[PDB]
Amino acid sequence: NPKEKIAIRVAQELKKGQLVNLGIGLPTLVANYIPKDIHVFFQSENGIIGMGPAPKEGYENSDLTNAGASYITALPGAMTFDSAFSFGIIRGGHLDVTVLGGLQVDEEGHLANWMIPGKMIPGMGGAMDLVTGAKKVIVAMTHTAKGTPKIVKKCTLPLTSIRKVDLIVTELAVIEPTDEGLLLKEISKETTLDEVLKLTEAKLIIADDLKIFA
């Protein structure tokens, strides 16, 4: 449900004909909630444009996977390619959207999502190229980590890059980083403005227009 609420709301930000890259984990659920009427094309960093859902049993191909090595399908008109071409797409501004998961976001729009010192050290993979290169970065993340806020004044965990992400989506809030600060645009209807502010360390501008729907 919390991951659902986030995934549904991210899925409404996607537009017809967009090339979209989804991070593994929470963002991949976005692909379950694309509206009919919206056709998008999915990129995976290991080298495909035209990724499709997991194969029906017995239709697997060991050479065809996502960026977690799980079996996927290729849709008609798919292209596969080497890792140089793949990051030419990502770093060269040809990717319209990337949805990525989040460890922290700060008031400059700065994302940390690839390392917790002491705890988890998996390496960055393609996450740095994706944030610095995508036309639009949407972070999809739960609002707190066991009550600790993830939206903070200055990122304390190592940065994925200095680019300002274009939108944050949590189960309680929709936040757009701007020229002068995080702009709260939307609130979930199971929550209240008061709770969102108790659960955010970072300063938020509040919009005159302030909408509901996660």
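Position 1 is the first residue in the sequence shown; the rest follow in order.
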> Between 120-128 and 73-81, which has the higher average C-alpha B-factor in the PDB entry?
Replying inline: 120-128
> Out of 26-34 and 41-49, which stretch has the higher average CA B-factor listed in the record?
Replying inline: 26-34
> At the C-alpha atoms, which of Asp179, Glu57, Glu176, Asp63 reaches the highest B-factor in this entry?
Replying inline: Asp179
> Lowest, middle or highest third of the chain for the C-alpha temperature factor of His143?
Replying inline: highest
> Ranked by Cα temperature factor within the chain, is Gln18 in the lowest third, the middle third or the highest third?
Replying inline: lowest
> How does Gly68 rank on Cα B-factor within its chain, lowest, middle or highest third?
Replying inline: lowest
> Among the chain's modelled residues, which third holds the C-alpha B-factor of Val10?
Replying inline: lowest
> Among the chain's modelled residues, which third holds the C-alpha B-factor of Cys155?
Replying inline: highest
